[PDB]
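Remarks on the structure that follows.
Letters are used for the chains, namely A, B, C, D, E, F, G, H, I, J and K, taken in the order the chains are written, and counting of residues starts over at 1 for each.
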Amino acid sequence: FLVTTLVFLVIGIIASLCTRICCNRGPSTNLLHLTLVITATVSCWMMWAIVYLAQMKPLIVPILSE
Amino acid sequence: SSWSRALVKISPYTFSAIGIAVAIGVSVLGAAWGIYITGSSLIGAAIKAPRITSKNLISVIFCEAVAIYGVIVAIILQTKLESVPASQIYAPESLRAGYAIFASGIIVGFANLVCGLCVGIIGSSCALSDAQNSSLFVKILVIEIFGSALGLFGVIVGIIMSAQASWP
Amino acid sequence: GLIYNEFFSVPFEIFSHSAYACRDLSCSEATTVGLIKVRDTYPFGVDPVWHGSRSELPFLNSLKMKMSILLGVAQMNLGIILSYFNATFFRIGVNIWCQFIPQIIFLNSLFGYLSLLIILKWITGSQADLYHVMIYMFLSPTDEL
Amino acid sequence: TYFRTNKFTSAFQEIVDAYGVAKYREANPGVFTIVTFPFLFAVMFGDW
Amino acid sequence: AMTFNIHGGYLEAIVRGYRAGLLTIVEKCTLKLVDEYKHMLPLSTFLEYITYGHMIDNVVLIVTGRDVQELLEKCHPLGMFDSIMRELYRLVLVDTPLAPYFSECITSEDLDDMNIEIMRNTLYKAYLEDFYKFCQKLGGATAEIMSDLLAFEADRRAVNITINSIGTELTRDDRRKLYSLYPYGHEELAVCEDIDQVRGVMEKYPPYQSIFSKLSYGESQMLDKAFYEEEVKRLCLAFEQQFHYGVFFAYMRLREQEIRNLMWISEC
Amino acid sequence: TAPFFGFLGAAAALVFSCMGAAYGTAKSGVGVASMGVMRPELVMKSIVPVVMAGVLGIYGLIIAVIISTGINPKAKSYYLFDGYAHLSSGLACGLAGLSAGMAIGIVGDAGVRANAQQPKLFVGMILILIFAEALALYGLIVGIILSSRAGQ
Amino acid sequence: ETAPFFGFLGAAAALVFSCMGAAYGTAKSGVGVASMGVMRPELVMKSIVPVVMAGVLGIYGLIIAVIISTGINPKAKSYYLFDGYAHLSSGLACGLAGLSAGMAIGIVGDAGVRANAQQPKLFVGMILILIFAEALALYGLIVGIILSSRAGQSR
Amino acid sequence: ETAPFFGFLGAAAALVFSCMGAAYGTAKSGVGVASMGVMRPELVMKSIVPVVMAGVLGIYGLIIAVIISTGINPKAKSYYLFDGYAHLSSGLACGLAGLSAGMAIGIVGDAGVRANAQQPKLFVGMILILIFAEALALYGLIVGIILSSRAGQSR
Amino acid sequence: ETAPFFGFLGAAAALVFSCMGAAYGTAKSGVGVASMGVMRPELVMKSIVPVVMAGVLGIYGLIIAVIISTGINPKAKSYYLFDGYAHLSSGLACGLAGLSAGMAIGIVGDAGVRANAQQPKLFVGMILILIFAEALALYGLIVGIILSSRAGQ
Amino acid sequence: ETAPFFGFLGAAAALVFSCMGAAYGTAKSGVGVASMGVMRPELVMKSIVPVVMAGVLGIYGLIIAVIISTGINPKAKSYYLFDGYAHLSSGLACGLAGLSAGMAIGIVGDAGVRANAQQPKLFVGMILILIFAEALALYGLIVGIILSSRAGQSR
Amino acid sequence: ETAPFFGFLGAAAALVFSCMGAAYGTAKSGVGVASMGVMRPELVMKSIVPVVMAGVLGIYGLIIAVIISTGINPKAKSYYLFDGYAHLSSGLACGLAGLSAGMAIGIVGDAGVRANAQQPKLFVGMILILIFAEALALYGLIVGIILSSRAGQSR
């Protein structure tokens, strides 16, 4: 949960370092790349947060078909 | 419930007689319609040329065959009637016989009507085709004969259903 | 798809072993008061048992609806926020503060009650709300109650 | 005017530009949508 | 479907036989065809419209006078029926479909029907009104043929306007205002001022494509001959004449075409 | 008592099937005569589509025969389930045959005209008509399956 | 009880409506194919795809009818009124969806075939339209299957 | 006892009516596209928007039908006539809204496909009109969702 | 006992009829808008006024449906027939009013598209006609709300 | 007993019929004014009278329906079937009269738009015709009010 | 008893039918008068006589409705099934007569507008048809009043 929350954030920083190294050829190009990386990280983390908050404490238990 | 009971309490003899009469009526109507359809084209062709009267008469004969089959079916249904005793007026056998008679009559009438309409349309086309060319009359007559089998099939089905009559 | 824990229309082994375990029910049916007791939540994806269960439809439908609402709120917020950046970049007049601020505030606040209620129900586990009573609370326009 | 198109960004920029254009240096929603559209179209077809 | 056998079957058979039999000699053939058509007397309205087709031209010719007495020599009952100069035009406004509309559209009488060009304009307007009236009686496959004929007439008029009648005030606006896919997309021919431009406009309709071809023949003629000759060439489609359908107009058109071919034969 | 519906199913199955069969045969026949006016040889071979339409009546006739044989009252107690099943089985067969014949009549009528124009496309018309005629066979399969449920 | 009198009726209606829709599609498809192939016999083979696309609805309806028929078995369990009603609802829904999809596919295919010889791009456009139409038939079949499956519990 | 019949009928009616509306819209759009794309290849893909815009309504209807079908659970709660009436009302509302949206979308898409050969500046307006029309489908889905949510609270 | 079987039906009918009227109006409005945009693309954006106003009827219908759904509260009070019948009648009235307003707005927009295409000087008159037409929808919504308000027996 | 059903049905019928009549009248008036909006925009502004008259008729119908609804107070006095029948009859009469008046006024305005466009001197005649038409709606409203007042006389 | 369930309904229907007939007649007459005024503004004022004469139907219907409403009074005396049936029959007869008279007067006035516009000599003479229609309406009203006079005949 909260440990995984830092894991997603930490994953972006390494990706941020790779993006900076790759796009250092262009400053304005690097600025655009950083926005894309941040947006992708935020979207993925939000999707995971929704998927985890839904099943964290379910209100309805799962019944299995026969 | 009460309405359902009244519906189930209807007399089956009336329904059987209605179906028997309706078979003959529908067969006659379909045969007459087909005869008129063929006759319009036959008269037009004769006005164009009186050479193909013998060829045209085949369509009229085929149309009248439907009426003949319907009359035969009606005679069979009339033979299938019984005395309708008061005690068994609502017996399961009487109800089954009446339902079978009604179904056979409806099937015979509908099949006769369909066959008559198809034969009339085919003959109307065939007379004009023969007027256009007498060489195509054989194929048109064969097609009309093949299409006439609908009435025969319906009559066979009605005859098969007629064996279900068991009125005491 | 990895998030959804569904692979080629089939579940598989999540990062955990089993999120939910049948409470007792060594021989009892799944449909029971005990039902299934969850040891811990599977972090990689949805619970594998939930996908193939009879209760798959309601829970998955509620989760998908909540995710769609949250994603729409986020997209609308991003689009509204882009207005201030566009106004500053083009050096637009006071119309941004005059109109863009209320435009980005009204819809944000209107959806904020629903988004916060969804989050709180997810966070606080307020089962007295579920998917339906959230709309029920949002339904009433009048005060009190 | 048209913003400079990269080798990979060209397709997404063309897809987004099908709604119109802007000023010489005005707002360019293509920058966000280059990843936003993949960030949303994935959900409707999520199956690994 | 059963309505054909209910009524009109004998007349349809007679018409089909007469058409199948078909193939001062030209005048004699025209008189024989007119007599055959007259002796045939729902389908009454169709026959009335078919007669009114040529009756519009007959009335336009009779509208002269100016040697007006010579119109009796061409009193063919097929098109020159007696039942089908503003004072006389008002009297002639009855018993014709296009006459009531032409009374208002051509209220200038000879002013809007000058024998040089404006008489052709009045004739085109009357033809457009008659075509609209015929298309109003929808319900059969003949609607496509009527639309094709009206489109051919309109396109021929537009081509003639763009060729040389543009100097006669038959401009792009007049290509549809006075010159009678065409009922919806005739605007493409307003700028077809050249034979190549005419072919390009015809390219908008793939069926009409390659119909113009080199445009040396057919399109070379003015008035309504340019695209009407295309319809004459394609009249083999009308030669199909599928049964159980209104084919009286098709038979009349075939007889008229045969008469025209016989006239064009003349002394070999 | 209920057996009235079961008996009605067999009659309806034949009646509705023949209703569509005649309509298909009429439209197919009319086009054949039109082609036979000019193309003498093409019309003779084109009669197959009319023959194909007439087959649908045979399929309905057989389905009716099975329903009639299974309505033996003195043999087994024809409960309401048997009557309901037989009526349902006939209804599908009759309705499907009516639709299947109607498509064949519409397709066949155009096919005669198409063959008279370009003889090359005759194979294509047969393929489309054969595919359309499979629906009547599909209805026949459903009729057999439904009628087979008369066990109890 | 009286539940079979509705369940079997719904099962029959599913196949009946599916066949009606398939025939309505196939008639228009064949008319358009003949109209196109009258002038361009080469594209006749390519124009036959919508016919098969429409005919697939017949197979879908037959499968739904087979499922519905197999779903009723008094010898296995007492088919209460709820089971028969749900089966009839599934049959009616599947049949109506199939009929609508067939009519739409027939209209679209007739239009495309009429426009097929005008431009070769029609070979792709009409195929895409037919696929989009058959998507509705597939969705209806899925809904019918789900309803038929849910009909099996009946408390 | 008879309430599940009403509920299943309502779900089936929702699915069937949504399918019919989507089919009508798709057929109209297909006719328009076949007419338009003969002249130019632009209508082959640049104007295929209504083809999927109409199927979106069918997808929404299928989702609503699946939700309604999942709503019924006799083994979990003995549904009274209230549940059946609510399910039938929700299904009818969803199906009617789907049919209306399908018809409107089909008409608008046919008009847009016809106008495609005209000035392309109208593409934005056509898309806006199509979206405004399709908003009815979302409104109907919302109404159906609200009805389904209120359905299960029967006493 | 049978009151909900009428109230829910009335709410659904209200929503359905409002949607049908909105679609009927929007079809003609969109046809006219497309025709005008083909003729004159300049005013295409400003010609969507009837198209936009059409959705107001659907919004009002959805609001009425939501109010009717909130009206049925069996737990709060045993729903007697006097409340269910009133709710059903209110829904029917709102739906019929919405359908009539939608048809009128569709006719008005179909006329006004051509009217503005010939001369944009009639835009004010077209807007006034549309407002007068929508007054009927507003009156119908008000009447439906008033009728639904009387659910207290 | 069941009187509230009759009363609510009558009120709903009154509102629906009044709305339908007003809509028909407004549509006819707009169709008529479409030509005047281009032929002579100066006179087009004065041409909005029939629309206002139709709106007035609709308002009168709505007012009558509101009065009828306000007349139903079950907690104050028990509503016998006599009062419900009287209220339903009053509503039906008011709605029918309003619909007829609206249709007549719409036709009159549609004719009068062209009549005034051809000649401005026909405005007086158009106004007189509109007033005569609105007199019927006024009489219908008066009759409905009288019937609503008499509806409470039962015991 | 359930007397107003028919008596009040008939009283309402009388006014409804009279209003509908008067509206149809007035609409036809107004269209004709607008056409005539467009032809000649001089005759517009003089040609309003049929329009005014068509208004007598509304007055007669209102009077009949008022009389019927006053004829129902349970407080004064209980009305049996016969007492309400007779009033309903009188109202129906009056309404049907008013509708027929309105339609006839509308057709006659529509013809007479053109007749007066063409030949002013026959303009005054044509009023005989309108007089006959008004006499028919008056006879119908008298018959209705005679039928309604039997309200107190019951015992």
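Convention: contacts are C-beta pairs under 8 Å (C-beta built on N, C-alpha and C of every residue); 3 or more make two chains touch, one makes a residue touch a chain.
Protein names from UniProt, one per chain: A = V-type proton ATPase subunit e1; B = Vacuolar membrane ATPase subunit c; E = V-type proton ATPase subunit; F, G, H, I, J, K = V-type proton ATPase subunit c1.
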Partner chains shared by chain B and chain K (touch criterion as defined above): none
Identity of the most central chain, Cα criterion: H
Looking only at C-beta pairs in contact, point me to the busier pair out of C-D and B-E. B-E
In angstrom, rounded to a whole number, how far apart do the mean CA points of chain C and chain H lie? 25
Take the average of all CA coordinates in chain B, do the same for chain F, and state the distance between these two points in whole angstrom. 18
Based only on mean CA positions, could you tell me how far chain H sits from chain K in angstrom? 49
Report the inter-chain centroid distance for chain C and chain J in whole angstrom, where each centroid is the mean of the CA atoms. 50
Expected list for chain B, residues touching two or more other chains, is 117, 121, 125, 128, 132
Among the residues of chain G, which are close enough to touch at least two other chains? 118
Return the residues of chain D touching two or more other chains; collapse runs of consecutive numbers into ranges. 32, 36, 43
What residues on chain B touch chain F, complex-wise? 8, 92-93, 95-96, 99-100, 102-104, 106-107, 110-111, 114-115, 117-118, 121-122, 125-126, 128-129, 132-133, 135-136, 139-140, 142-144, 146-147, 149-150, 153-154, 156-157, 160-161, 164, 166
What part of chain D is in contact with chain C in the complex they form? 23, 25-27, 29, 32, 36, 40, 43, 45-48
For a test of understanding, state which residues of chain I touch chain H in their complex under the given definition. 1-2, 4-5, 8-9, 11-13, 15-16, 19-20, 22-24, 26-27, 29-31, 33-35, 37-38, 41, 44-45, 47-48, 51-52, 54-55, 58-59, 61-62, 65-66, 69, 72, 74-75
Touching residues (chain side chain G, partner chain H) in the complex: 81-82, 85-86, 88-90, 92-93, 96-97, 100-101, 103-105, 107-108, 111-112, 114-115, 118-119, 121-122, 124-126, 128-129, 132-133, 135-136, 139-140, 142-143, 146-147, 150-151, 153-155
Residue numbers on chain A that touch chain D, as the complex places them: 32, 35-36, 39-40, 43, 47
